[PDB]
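Working notes, beginning with the structure itself.
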Amino acid sequence: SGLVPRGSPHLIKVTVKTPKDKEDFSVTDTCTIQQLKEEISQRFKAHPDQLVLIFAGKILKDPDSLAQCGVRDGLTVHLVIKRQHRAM
C-alpha cells in the first residue's frame with residue numbers, strides 16, 4: 001500500500017532449536033551473535049553467558065553477524081542453555 005512494501009530483505013526468520021524447544025526468531029540479517037544472544041535471553045529469560053549457539057557445526061562468536069556465519073532466512077541455529085548451578 002502506497003510506496004511501502006509488505007516485507008523486507010533485512011527481516012529474516014531463523015529457528016533456534018534446543019534439546020527441548022524449537023523457537024522462531026525474527027531477526028535482522030546483519031544482527032550480530034551477541035545481539036541474537038540478547039534477544040534469546042529476553043525470550044527464554046536466561047543470562048547471555050548461559051547461551052551457546054551453533055551453526056554449520058561451529059560455535060558462533062559474539063561479534064559476527066548472522067550473514068557472516070551463513071545463517072539465512074528459514075535456517076536453524078542450535079542452542080544449548082547451560083543449566084545454572086544451585087549455588088555459586
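All residue numbers in this chain count up from 1 along the given sequence.
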Item to check | Contact list for residues 53-79, test salt bridge (charged side-chain N to carboxylate O under 4.0 Å, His left out), sequence neighbours left out | outcome: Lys37-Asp62

Checklist entry - For residues 76-88, which residue pairs qualify under salt bridge (charged side-chain N to carboxylate O under 4.0 Å, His left out), counting only residues two or more places apart or in two chains? => result none

Checklist entry - Looking at CG of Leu36 and OG of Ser65, how far apart are the two atoms once the value is rounded to the nearest 0.5 Å? => result 11.5 Å

Checklist entry - To the nearest 0.5 Å, how far apart are CG in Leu66 and CG in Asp29? => result 8.0 Å

Checklist entry - Do any pairs count as a side-chain hydrogen bond (donor to acceptor under 3.5 Å, both in side chains) and have a residue in residues 43-55, sequence neighbours left out, and if so which ones? => result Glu23-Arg43

Checklist entry - Under 3.5 Å, is there a donor-acceptor pair between the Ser26 and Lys13 side chains? => result yes

Checklist outcome for this item: Checking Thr15, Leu51, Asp21 against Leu79 for side chain to side chain contact (heavy atoms under 4.5 Å, CB included), the one that qualifies is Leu51

Next on the checklist: If I take atom CD1 from residue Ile81 and atom CZ from residue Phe44, how far apart are they, to the nearest 0.5 angstrom?
Outcome noted: 4.5 Å

Checklist entry - Where do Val71 and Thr76 land on the side-chain contact (heavy atoms from CB on, under 4.5 Å) test, with the steps shown first? => result CA-CA 8 Å; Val71 180; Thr76 293; over 6 Å; no

Checklist outcome for this item: For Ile54, the other hydrophobic cluster members (4.5 Å side-chain criterion, sorted by chain and number) are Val52, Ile59, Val80

Checklist entry - Does any N or O in the side chain of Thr32 come within less than 3.5 Å of the main-chain N or O of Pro63, such that one atom is a donor and the other an acceptor? => result no

Item to check | Results of side chain to side chain donor-acceptor pair (under 3.5 Å) for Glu38 - residues two or more places apart only | outcome: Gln42

Checklist entry - For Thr30, which residues count as a side chain to side chain contact (heavy atoms under 4.5 Å, CB included) partner, sequence neighbours excluded? => result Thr28

Checklist entry - Does the side chain of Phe25 reach to within under 4.5 Å of the side chain of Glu39, using non-hydrogen atoms? => result yes

